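A lone chain, given as structure tokens: the form deposited in one PDB entry.
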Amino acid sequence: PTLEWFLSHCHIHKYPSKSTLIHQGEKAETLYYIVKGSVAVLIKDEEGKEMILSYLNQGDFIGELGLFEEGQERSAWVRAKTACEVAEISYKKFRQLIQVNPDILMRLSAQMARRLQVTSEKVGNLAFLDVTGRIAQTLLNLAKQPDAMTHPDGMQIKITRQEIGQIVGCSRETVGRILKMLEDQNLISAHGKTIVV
């Protein structure tokens, strides 16, 4: 509703899966809102693998870290998980629309507050938990991340050892090793699709 008004100033572009919709290092001018799809925010090692900072789904804004100060660079990469419809407005336009109705600025700040909250958790987990525990937290969370199919006894997620590695911070084969251990303990069942039972 306030959303529809917002969306009316926006221009929906379509992006297929694997699209890198934002890239770290360019300048920020556009605030993006996910009409449809799921996206993955990433940062890349100083000459190497990348780590996934979070999945953002329909209803999230992307880009915003620029919005508040001029000449701001994009902080991370945002690649499409799935095919997405991205409603954009520019920042200038967003500012006018701020003054016209504060409620987008509120729902966006709410989003900002959550990302900080969960990323503070991620600093915590990177510092206090061992890889096994990180992989446990992650399957727990992924069964909660809105795209796990119900499993009569369990929740089923499609995920690759490589993706879990990139979330966690360890080799795809390290992930492998541990997923084998959690299967032997009758906690997890897997084959490209894993069930967090």
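Residue numbers run from 1 along the displayed sequence. Here, rigid core means the biggest group of C-alpha atoms that superpose within 1.5 Å across both forms.
- Two stretches are in play, 154-162 and 134-142, and the higher mean C-alpha B-factor belongs to 154-162.
- Higher average CA B factor: 105-113, of the stretches 119-127 and 105-113.
- Ranked within its chain, residue 30 lands in the highest third, by CA B factor from the PDB record.
- When the modelled residues of the chain are ordered by C-alpha B-factor, residue 57 sits in the middle third.
- Sort the chain's modelled residues by C-alpha temperature factor and residue 65 lands in the middle third, per the entry.
- Per-chain ranking of the deposited C-alpha B factor places residue 22 in the lowest third.
- Ranked by Cα temperature factor within the chain, residue 48 sits in the highest third according to the deposited record.
Keep in mind that the form deposited in another entry is missing from the display, and what follows is about it.
- Aligning the rigid core between the shown form and the other one and inspecting 26, 69, 130, 153, the C-alpha positions shift by 2 Å or more at one residue, which is 153.
- Once both forms are fitted on their core, a CA shift of 2 Å or more is seen for residue 144 between the shown form and the other one.
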